[PDB]
Amino acid sequence: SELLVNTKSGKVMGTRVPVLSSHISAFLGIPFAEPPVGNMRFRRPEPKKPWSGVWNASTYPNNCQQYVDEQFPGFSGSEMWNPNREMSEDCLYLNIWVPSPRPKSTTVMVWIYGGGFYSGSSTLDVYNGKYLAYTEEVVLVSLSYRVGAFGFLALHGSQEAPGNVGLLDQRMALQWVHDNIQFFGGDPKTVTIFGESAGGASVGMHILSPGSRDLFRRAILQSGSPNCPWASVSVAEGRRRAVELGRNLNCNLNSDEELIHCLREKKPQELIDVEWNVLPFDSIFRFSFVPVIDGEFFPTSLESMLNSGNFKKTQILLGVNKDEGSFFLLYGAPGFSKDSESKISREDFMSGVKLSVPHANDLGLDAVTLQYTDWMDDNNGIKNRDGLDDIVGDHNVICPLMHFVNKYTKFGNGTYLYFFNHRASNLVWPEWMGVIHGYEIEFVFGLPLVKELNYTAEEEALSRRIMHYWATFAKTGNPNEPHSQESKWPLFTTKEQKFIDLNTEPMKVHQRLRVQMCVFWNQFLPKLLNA
Amino acid sequence: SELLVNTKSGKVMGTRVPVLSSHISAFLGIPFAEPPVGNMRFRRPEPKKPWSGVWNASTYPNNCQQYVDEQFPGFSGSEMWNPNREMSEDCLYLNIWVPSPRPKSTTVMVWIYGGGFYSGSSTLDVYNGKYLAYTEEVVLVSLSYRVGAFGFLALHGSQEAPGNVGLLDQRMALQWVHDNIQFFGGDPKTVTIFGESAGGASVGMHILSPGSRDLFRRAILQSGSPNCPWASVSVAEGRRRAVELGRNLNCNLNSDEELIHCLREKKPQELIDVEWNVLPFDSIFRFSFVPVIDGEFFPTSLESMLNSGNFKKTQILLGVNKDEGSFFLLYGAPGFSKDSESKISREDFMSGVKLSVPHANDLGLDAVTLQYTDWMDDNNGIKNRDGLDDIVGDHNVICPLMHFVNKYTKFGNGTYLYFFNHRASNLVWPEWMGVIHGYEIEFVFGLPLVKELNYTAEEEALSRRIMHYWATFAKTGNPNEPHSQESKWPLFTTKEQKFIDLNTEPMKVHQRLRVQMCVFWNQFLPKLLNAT
Ligand SMILES: COc1cc(CNC(=O)CCCCCCCCCNc2c3c(nc4cc(Cl)ccc24)C[C@H]2CC(C)C[C@@H]3C2)ccc1O
Ligand SMILES: COc1cc(CNC(=O)CCCCCCCCCNc2c3c(nc4cc(Cl)ccc24)C[C@H]2C[C@H](C)C[C@@H]3C2)ccc1O
Ligand SMILES: CC(=O)N[C@@H]1[C@@H](O)[C@H](O)[C@@H](CO)O[C@H]1O
Ligand SMILES: *[C@@H]1O[C@H](CO)[C@@H](O)[C@H](O)[C@H]1NC(C)=O
Ligand SMILES: *[C@@H]1O[C@H](CO)[C@@H](O)[C@H](O)[C@H]1NC(C)=O
Ligand SMILES: *[C@@H]1O[C@H](CO)[C@@H](O)[C@H](O)[C@H]1NC(C)=O
Ligand SMILES: *[C@@H]1O[C@H](CO)[C@@H](O)[C@H](O)[C@H]1NC(C)=O
Ligand SMILES: *[C@@H]1O[C@H](CO)[C@@H](O)[C@H](O)[C@H]1NC(C)=O
Ligand SMILES: [Cl-]
Ligand SMILES: [Cl-]
């Protein structure tokens, strides 16, 4: 009855789950596409064929095939991102958390996980939708999509491996929500898509892509935007990486059909094992198989679409964390360690900026170095460390997002910008890494409300305020309740460019997030590199 | 007797002048070269032919022909720099102040005036050597040299207008000091040359030039260095400007001989009236006729000479002022005024940096703008004004001098670096201009010791400390007195890069003078301009 729901594709049976001394309904692992296996590897998704009988939706689905991190085996801080379910190419499923009793027609939020387009699972403990659905009375969906080569191998001109199919997976799950969420008590006219990292880029990509725009109402982008330098490649570079993937696997490279046929006969892990070898440079914060600017999902360049206003005009809420770059330095740059303060020598600083800006010529490298070096104190290992941290986060996350937010706000219907700079009391990563890429997610999903996780009382308060901002924005297009007595998160406007800090202190309003460095990254350096 | 001196070129009769309730000897207007007039215009100087009888050295000489500033007529702050004597091409004279009684063999200091190589006079009130000669017991010489086209018109390959003749004027006066200062109580083996602005650049050029190195012992450079961007041109650019000067005056341009013959028939003011017209850009802090890198006075490029250590190895003392740029903005850039705080709009800021870096492409201007703009507060007229001020001073004075000091110290025998950041209490210019290009000179020459000039008691002490640093350095190669109990001015070293502030407060040591901006001007921007 409450757990038995008839959808347009067939019947589903959910499960009653406990949450904070109450219960809600969970529908886990609902299929929304045909399994993209066999000759359907690299292909656009096809809708799931209707099934007879009752789909048992009491269990999380498989996770998509992906590179599994083994840098710190058994360490909770890194394992919490790895697939916690069996991996399979049969992975196109979504999960729904529904308040109990079922609401009539309530706001829908659809989570798009991140992971650089190479990793990610809907089933991670930090993406458990039950705290947000219960506390804010929303229908919380989490979708999945093919990652890595399976989702973003791109041989433009081919219909067998066109590229962007992971974005099409997301779109087909949004289409499924549009057609079916009403049967779960959700309003298909009030769907907010939100995501972090590649999920945030994806959200912005659906804002841009005409074929996506009518499948959601408004959007939240966390630490990611569609114009990020890691988030797309040209059709020529996507083809080169695809060909290099076959070369790494002794494939016939004389035609698309032969290359594709060879790659389709490999086991998933054979592709994954060489995935990182197709990158053009030694780099950090670069991923092999990402969306392509193809002339179809994206009709023109992202920059020209942003300039012309050729995107969905709605409300957006978006923001960044204080130390986006630290995790990438830890994993990929010399002198960084999980178990030390990672003071960086000048020689390791210079190596880090070459890894961080891999496309830069020597003059561009000099420019980055000068912009981020204190020449009164150039051997200060802390300043070198934090300088490199800033380089990675500004270039890869903050300044791309600020470019997006400024272009979008020119045509949009309301922008809200945040700067998340709270370091969790119970963080397992060292202090030098600061406020890490991904670590606002646990506040967005209400994990500080779980007494056993040992967050402080004010972190619970911060999580509750963030969930209420996100949900109230989802319901209304404004994170504020306008008749409340609480401090108001102001609109971001072209002129005054206001944002708020998100942390445990009373609200502060600021202006021009990281404006100085983002002039460097968004205006000066591109002009230098194009000279 | 004390005033009657027999030099190698003839007898000279000086005069007894008052100085601070005492007296000393002054020999004013001694000729050291033949008058470079008529067909000797543009030529190298020739030694003054000996004279019979007694040369009357009681009176300042004429000043060389130069552009005269009329922006603020009668205003003391500008008039103090203009010629205070009749202008004439017959201007190659030097002045000497000797302590009384005449010392046996004391330290000599030779002042080389600045003025962008287009202007300047040995006779300005602020260059009066009597206070420094008296207070520090030194023989103080001030030379002169042709400026403008008369000193620096360069048609390389012509022996009639070869270029650099103003530098050769300075050398001829140094040669004269070498040969004759012993007759005035000076030691020709302990001569310190010092100068400000173009005079500081000149001092550096004599350090570089093989033909100058044996005519002095040590050097002081004030707000100028030989590698400054305004201080020299290539032989091609010098020839372009010489031809363009002829074009402005309807001259035959077919040959050097015909062009020079035309230019020698013009009256001095005719050349001066069009002098600024030959600059290749709208700019500030650029001057038309300047030293040329000719392969003769300078055997190779300045940078190669600095890199190879092909220069005189000795002790140097040098430094800069806090606000070198402000004077040039006042006279040449939109939005600046003597009579207001000169808050600068962003539109006038952008025009200013274009005028300040005339040789930069658009990417270069963008780089300058980014380095000096606070994009949290870009419509702040005060920040825009001070940012422009810093750009001008950093690009034209401070960073070129820091490049020189770092290159020199690698081979030299002792570097002392100062940063002069005191604003005179009686300053006549507005507060926004800060510590102006030229305004350390009055402290170097002891004017605060003159009660009628209304400096504070603290400023008199600063001047006496500066005079003592300068003269003690001249005597010994070290500004510090050995077993003194006062705080010590440390050697600038490649590694620690120490310098001192010069102001009324107790001396403080710092390191790496404007290092961040000078990485930009000395390394990044040149690499950007060369690459784009
Ligand atoms: C390319 O550079 C320019 C080109 C132009 C175009 N110029 C013209 O049309 C000619 C008119 C501008 C001529 C300006 C002459 C000013 C010389 C005044 N002498 C001073 C001097 C010094 N300091 C001064 C400080 C103040 Cl506040 C005021 C005057 C000072 C210190 C000196 C250095 C000098 C270069 C000149 C002289 C001695 C204008 C300005 C420029 O900067
Ligand atoms: C060919 O040259 C290259 C060769 C290589 C070689 N690369 C390799 O061998 C593999 C290195 C990739 C290691 C993958 C680690 C997975 C990170 C796990 N996910 C995290 C995630 C987030 N935050 C994390 C924060 C910390 Cl402190 C730790 C992990 C986080 C937030 C997310 C965004 C992500 C991109 C991944 C995931 C979700 C790399 C670069 C090159 O240029
Ligand atoms: C499961 C599997 O490997 N199927 C392959 C398919 O990928 C390929 O395109 C096709 C071409 O004939 O051959 C099949 O055997
Ligand atoms: C559905 O799956 C759950 C989890 O294993 C199980 O407890 C339940 O009995 C299943 N119901 C069926 C198969 O009808
Ligand atoms: C959003 O659009 C509505 C509808 O036209 C308009 O009235 C409102 O002013 C817009 N708000 C913003 C912040 O653009
Ligand atoms: C929280 O703290 C208690 C004691 O303070 C400890 O026993 C418990 O294991 C902690 N919880 C976690 C998840 O570490
Ligand atoms: C030298 O000249 C000055 C002024 O021109 C004059 O007063 C003085 O008498 C002259 N001396 C002699 C000896 O002629
Ligand atoms: C100057 O040279 C002398 C003689 O070689 C040497 O003893 C002295 O250390 C040098 N001083 C500096 C500061 O280089
Ligand atoms: Cl930190
Ligand atoms: Cl707006």
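The rules we used
The residue numbers shown here are sequential, starting from 1 for each chain in the order of its written sequence. They can differ from the numbering used in the entry, and residues that have no coordinates are not displayed. Written order determines the labels here, with chains lettered from A and ligands numbered from 1. Side-chain measures were taken over the full set of non-hydrogen atoms in the model, leaving aside hydrogen atoms and water. Residues with missing side-chain atoms are left out of burial classes, side-chain pairs and their counts. Two rings from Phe, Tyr or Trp (for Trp, the six-membered ring) form a pair when their centres sit within 6.5 Å of each other. Planes less than 30 degrees apart are called stacked, planes more than 60 degrees apart edge-to-face, and all others tilted. Every helix listed is a DSSP run of H or I at least four residues long, and every strand listed is a run of E at least two residues long, numbered separately from the N terminus. Working definition: with a 1.4 Å probe on protein chains only, accessible area under 20% of the residue-type maximum means buried, over 50% means exposed, and in between means partly exposed. Each ring is checked for a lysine NZ or an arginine CZ that lies within 6 Å of its centre and within 35 degrees of its normal; such an atom marks a charge sitting over the ring. The criterion for a disulfide is a pair of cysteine sulfur atoms lying within 2.5 Å. UniProt positions are given in the numbering used here, feature names are shortened, and annotations may be inferred rather than shown by experiment. Residues are treated as being in contact if the distance between any of their heavy atoms lies within 4.5 Å. Any pair of N or O atoms that falls within 3.5 Å is considered a polar contact. Within protein, one atom must be able to donate a hydrogen and the other to accept it, and sequence-neighbouring residues count only if both atoms are side-chain atoms. Residues belong to a common nonpolar core when they are buried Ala, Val, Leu, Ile, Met, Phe, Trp, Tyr or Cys residues joined through side-chain atoms within 4.5 Å. If even one non-hydrogen atom of a residue comes within 4 Å of a molecule or strand, that residue is called near it. For every accessible area listed, the method is Shrake-Rupley and the probe measures 1.4 Å; residues are considered covered only by the protein chains on display. Under the grouping applied here, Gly and all other residues not named as nonpolar or charged are polar, the nonpolar ones being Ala, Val, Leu, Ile, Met, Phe, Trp, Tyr, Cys and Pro and the charged ones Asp, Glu, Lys and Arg. Strand pairing is assigned whenever DSSP identifies at least 2 bridges connecting the two strands. Throughout, an axis means a line fitted to C-alpha atoms (over the contacting stretch in the case of helices), and angles, computed between N-to-C directions, take values from 0 to 180 degrees. Salt bridge criterion: a side-chain nitrogen from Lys or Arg within 4 Å of a carboxyl oxygen from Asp or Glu.

Going by the header, the method for this PDB entry is X-ray crystallography, and the resolution given is 1.9000 Å.

Engineer: What am I meant to see in the packing of aromatic side chains here?
Structural biologist: Geometrically, a pair of aromatic rings is defined through the distance of the ring centres and the angle of the planes. Scanning the entire structure with this criterion turns up 87 aromatic pairs over all chains. Seen in terms of ring centroids, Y469(A) and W489(A) are 5.2 Å apart; in terms of plane orientation they differ by 75°. Their pairing is edge-to-face. Here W489(A) lies in the loop between α16 (457–476) and β15 (498–502) and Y469(A) lies in helix α16, a separation of 20 residues in the sequence. On the basis of relative accessibility, which here comes to 7%, the residue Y469(A) falls in the buried class. Residues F194(B) and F445(B) carry aromatic rings whose centres are separated by 5.8 Å and whose planes lie at 20° to one another, so their mutual orientation is stacked. Taken together, the residues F194(B) in strand β9 (residues 186–196) and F445(B) in the loop between α14 (441–444) and α15 (457–476) connect sequence positions 251 residues apart. Judged on exposure class, the residue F194(B) and its partner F445(B) are both buried. Across from the ring centre of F216(A), 5.1 Å away, lies the NZ or CZ of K312(A), which sits over that ring. Against the face of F311(A) rests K313(A), its NZ or CZ located 5.8 Å from the ring centre.

Engineer: Help me understand the UniProt feature "disulfide bond" in chain B in this model?
Structural biologist: All names here are of chain B. With sulfur atoms 2.1 Å apart, the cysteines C64 and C91 match their UniProt disulfide annotation in this structure. In this pair, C64 is assigned in the loop between β5 (54–56) and α1 (76–79) and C91 in the loop between α1 and β6 (93–98), connecting sequence segments 27 residues apart. On the accessibility criterion, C91 (1% relative accessible area) is buried. A sulfur-sulfur distance of 2.1 Å between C399 and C518 means the disulfide UniProt records for this pair is formed in the structure. Taken together, the residues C399 in helix α13 (residues 381–411) and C518 in helix α16 (residues 515–531) connect sequence positions 119 residues apart. This pair shows no difference in class: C399 is buried, exactly as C518 is.

Engineer: What is the right way to read the UniProt feature "active site" in chain B from this model?
Structural biologist: Residue and element names in this part refer to chain B. When the UniProt feature table is mapped onto this chain numbering, "active site" sits at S197, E324 and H437. The named residues occupy 241 residues along the chain; their greatest pairwise C-alpha distance, 9.9 Å, places them in one compact cluster. With respect to the helices, strands and loops of the structure, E324 is situated in the loop between β13 (316–321) and α10 (326–332). When neighbours within four sequence positions are excluded, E324 is seen to be in contact with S223, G393, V397, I398, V435 and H437. Positionally, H437 belongs in the loop between β14 (415–420) and α14. Its relative accessible area of 8% is what places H437 among the buried residues. Not counting chain neighbours up to four residues away, the residues in contact with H437 comprise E196, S197, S223, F285, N321, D323, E324, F327, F328 and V397. A distance of 3.4 Å separates the side chain of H437 from the side chain of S197, its partner in a polar contact.

Engineer: What am I meant to see in the nonpolar core here?
Structural biologist: Core analysis: the biggest nonpolar cluster contains 360 residues, and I96(A), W470(A), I96(B) and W470(B) have the highest contact counts within it. Dropping the residues within four chain positions of it, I96(B) is found in contact with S25(B), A26(B), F27(B), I30(B), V139(B), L140(B), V141(B), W176(B), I181(B) and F184(B).

Engineer: Help me understand the site of ligand 1, please; the structure alone is not making it clear to me.
Structural biologist: Residue and element names in this part refer to chain B. Looking at ligand 1, there are 21 residues lining it, with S283, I284, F285, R286 and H437 nearest. At 3.3 Å from an oxygen atom of ligand 1 is found a main-chain nitrogen or oxygen belonging to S283. When ligand 1 sits alone it has 890 Å² of accessible area, and the protein chains cover 85% of it. Split into classes, the residues belonging to the shell around ligand 1 amount to 13 nonpolar, six polar and two charged.

Engineer: What exactly am I supposed to notice about the UniProt feature "active site" in chain A here?
Structural biologist: All names here are of chain A. Those places that UniProt annotates as "active site" correspond, in this numbering, to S197, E324 and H437. As for its position among the elements, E324 is in the loop between β13 (316–321) and α11 (326–332). Its relative accessible area of 1% is what places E324 among the buried residues. Each residue touching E324, except ones within four places of it in the same chain, is listed here: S223, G393, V397, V435 and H437. At 2.4 Å, the side chain of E324 forms a polar contact with the side chain of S223. A polar contact is formed between the side chain of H437 and the side chain of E324, at a distance of 2.6 Å.

Engineer: What exactly am I supposed to notice about the sheet that holds β14(B) here?
Structural biologist: Within a sheet, adjacent strands bond to each other through the backbone by hydrogen bonds, running parallel or antiparallel. Residue and element names in this part refer to chain B. With mixed pairing, eleven strands are arranged side by side in an open sheet as β3-β4-β6-β8-β7-β9-β10-β13-β14-β15-β16. Looking at the sheet topology across the chains shown, the edges are occupied by β3 (15–19) and β16 (509–511). Neighbour-to-neighbour, the strand axes of the sheet open up by a mean angle of 25°, direction not taken into account. Pairing geometry for β9 and strand β10 (residues 218–222), over five bridges, is parallel. Across the sheet, residue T192 finds its bridge partner in β10, namely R218. Against the sheet, α13 makes contact with β10, β13 and β14, and its axis sits at roughly 160° relative to β13, the strand it touches most. Lying over the sheet, α15 contacts β7 (106–112), β9, β10, β13, β14 and β15 (498–502), oriented at roughly 145° with respect to β10.

Engineer: Just checking my understanding: could you explain the interface of chain A and chain B for this structure?
Structural biologist: How big an interface is tends to be stated in terms of accessible area lost as the parts join. Listed as interface residues are 21 residues of chain A and, on the opposing side, 20 residues of chain B. Taken together, the connections running from chain A to chain B amount to four salt bridges. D366(A) is the partner of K527(B) in a salt bridge, and the nearest nitrogen-oxygen pair spans 2.8 Å. Put simply, chain A and chain B have nine residue pairs in polar contact between them. Put simply, the parts of the chain that give the side of chain A that touches chain B at least two residues each are α13 (362–372) and α17 (515–530) of chain A.

Engineer: Help me understand unusual backbone geometry in this model?
Structural biologist: Peptide bonds are trans in most cases, and residues, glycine excluded, mostly fall at negative phi. Cis rather than trans, the peptide bond between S100(A) and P101(A) has omega equal to 10°. If you trace the backbone, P101(A) turns up in the loop between β6 (93–98) and β7 (106–112). With an omega of 5°, the peptide bond between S100(B) and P101(B) qualifies as cis. In this structure, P101(B) sits in the loop between β6 and β7. Despite not being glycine, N250(A) shows a phi value in the positive range, around 60°. Along the polypeptide, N250(A) turns up in the loop between α7 (235–247) and α8 (256–264). With a phi close to 55°, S223(B) is a non-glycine residue in the positive phi region. Overall, the relative accessible area of 0% leaves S223(B) in the buried class.

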